[PDB]
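Single chain ahead, written as structure tokens, the form deposited in one PDB entry.
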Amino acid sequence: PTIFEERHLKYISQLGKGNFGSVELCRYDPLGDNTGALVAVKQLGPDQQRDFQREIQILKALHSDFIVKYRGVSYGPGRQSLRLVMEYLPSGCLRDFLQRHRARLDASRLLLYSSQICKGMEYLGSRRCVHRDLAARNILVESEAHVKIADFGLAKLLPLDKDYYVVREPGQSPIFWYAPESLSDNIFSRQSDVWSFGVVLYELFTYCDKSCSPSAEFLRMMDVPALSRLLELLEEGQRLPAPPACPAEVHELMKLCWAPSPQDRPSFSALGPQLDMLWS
């Protein structure tokens, strides 16, 4: 079941490109008659090949309604799985779903999305997994009221005696989703995933509008390099403003996810009942 034959994997479209690899829309068509199920296939480098096998084993060990379903692999020279096969969600990434259907998604609908992302993250933390690229662009839409965490290319497992990990090479994702410890020291933990969540929370309560986006807004508040400016601003006490018509209660939780000390930050298991008291 988990061994999908590449010959039966028929190319449809490019789903995306991010963090060295690419995701393609394929049809797993063993009958060769265009009736088979659609699946999302990821493919990629020496440390890149160790990082693909890392992504595969992590996702394969993840079993949640709020994490993209792993379907299996399409093997190659090894021991070395040529490609990773995931479930396909035709609604796609939450960022463009938000933009496409905003006139229809209200506060209640956004809190349910928040609480679902939250339980997914609480689960990932339980597996000792730190996502490191939690953004609305990396959240998928299963149905109108069901979202899932995706893109585990930069995900890492935490050692049993360690609750944080330091990355050698700099960040390549948009800088605005990182915590001040990730920016200044490349330190990552479930606490740096919590900072990122409050940014996802900001994203939901803007419907990912490009004009007031995390990138567009720092651009206004900001010779000094653009990374050191955000470091300067965040350490001083500056934060993204309350999104247009955002409830005062949702915004306060955003600023707590944005506590400057990472130990002070609320956990995901702590975030959930608070998002669940605001209903849906």
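All residue numbers refer to positions in the sequence shown, first residue = 1. The term rigid core refers to the maximal set of C-alpha atoms that superpose within 1.5 Å between the two forms.
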Following superposition on the rigid core, is the mean squared CA displacement, expressed as RMS, greater for 243-251 or for 33-41 in 4 other deposited structures of this protein?
33-41
Using RMS Cα distance over all structures and residues, flag whichever of 22-30 and 229-237 lies farther from this form in 4 other deposited structures of this protein after a core fit.
22-30
So residue 156 is built in this one, but is it left out in a third or more of the other compared PDB entries that include its neighbours?
no
Do at least a third of the other entries of this protein fail to model residue 169?
yes
Deposited residues omitted from coordinates between residue 222 and residue 223, as a class
4 to 9
Between residue 44 and residue 45 - deposited residues without coordinates, as a size class
1 to 3
Pick between 63-71 and 210-218: the one whose mean CA B-factor in the entry is higher.
210-218
Higher average CA B factor in the deposited record is what I'm after, so tell me if that's 224-232 or 240-248.
224-232
Choose from 176, 152, 97, 165 the residue with the greatest Cα B-factor as stated in the PDB record.
165
Of the residues 104, 119, 148, 128, the one carrying the largest Cα B-factor as recorded
104
Hey, what third does residue 92 fall into on Cα B-factor, ranked over its chain?
middle
Test of reading the entry: by CA B factor among the chain's modelled residues, which third contains residue 115?
middle
Within-chain third of residue 108 by Cα B-factor, per the entry:
middle
Relative to the other modelled residues of the same chain, rank the CA B-factor of residue 15 and answer lowest, middle or highest third.
lowest
Using the temperature factors of the C-alpha atoms in this entry, rank residue 271 within its chain: lowest, middle or highest third.
highest
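Keep in mind the form solved in complex with a small molecule is missing from the figure; the text below concerns it.
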Name the single residue among 234, 246, 253, 56 that comes within 4.5 Å of the small molecule in the deposited complex, judging by heavy atoms.
234
In this chain shown alone, the residue from 98, 155, 199, 187 with a heavy atom within 4.5 Å of the small molecule in the deposited complex is 199
Verify the contact flag for residue 240: yes if a non-hydrogen atom of it lies within 4.5 Å of a non-hydrogen atom of the small molecule in the deposited complex, no if not.
yes
Although the partner isn't part of this model, could you tell me whether residue 205 comes within 4.5 Å of the small molecule in the deposited complex, counting any heavy atom of the residue?
no
Please check if residue 62 has a heavy atom lying within 4.5 Å of any heavy atom of the small molecule in the deposited complex.
no
State yes or no: in the deposited complex, is some non-hydrogen atom of residue 221 no more than 4.5 angstroms from a non-hydrogen atom of the small molecule?
yes
Segment that reaches the small molecule in the deposited complex - one of 157-165, 102-110, 115-123, 191-199, heavy atoms within 4.5 Å
191-199
Site check 176, 230 and 258: each within 4.5 Å of the small molecule in the deposited complex by heavy atom
yes
